[PDB]
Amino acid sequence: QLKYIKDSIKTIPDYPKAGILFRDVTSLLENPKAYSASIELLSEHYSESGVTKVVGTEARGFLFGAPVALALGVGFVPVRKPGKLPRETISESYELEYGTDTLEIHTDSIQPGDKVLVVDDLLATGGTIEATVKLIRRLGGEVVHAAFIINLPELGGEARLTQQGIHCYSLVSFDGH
């Protein structure tokens, strides 16, 4: 199963620059068996967790977070780049390689007592997830779990989230930057 999921992910060499082996999750998306298995494994992993909300960042986070939310029977809450959410938001900044950006969340969608799972497609540096954790906690939400399809351990994302008290669960792992 885990092997069938991993085999369904394609690698594109020298993209987006020479030396990087791009791990392309869209090939998993188009394989119904691998996609539904991925959602099955993520959701069952947290079935006993008392999770009350799932949060995912746009856009690829939506592809894994929302189905997990549906499978758990809990609400899904999007985290978006600025100017896309219509109600009251709070905001957190994070670093890109070449500058800064921000993420927003609806202030009403998280409240004290919420047990929140964050789901994303791939864990790289972990900067967006670290900003997302801060957003949730500022609103009185509890978050100690982040789930991914792919972990790239060499980029230090997991170590960094560990520093914030986050337990990361990933289905597969790959070498490289």
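All residue numbers refer to positions in the sequence shown, first residue = 1. In this text, the rigid core denotes the largest set of C-alpha atoms whose superposition between the two forms falls within 1.5 Å.
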After fitting on the rigid core, which stretch moves more in 7 other deposited structures of this protein, 13-21 or 159-167, going by C-alpha RMS? 13-21
Quick check: by Cα RMS after rigid core superposition, does 74-82 or 94-102 differ more from this form in 7 other deposited structures of this protein? 94-102
Averaging only over Cα atoms, indicate whether 46-54 or 114-122 has the higher B-factor in the PDB entry. 46-54
Assert higher mean C-alpha B factor (67-75 or 82-90, deposited values) equals 82-90
Split the chain's modelled residues into thirds by Cα B-factor; is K33 in the lowest, middle or highest one? highest
Based on the deposited C-alpha B factors for this chain, I'd like to know if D101 is in the lowest, middle or highest third. middle
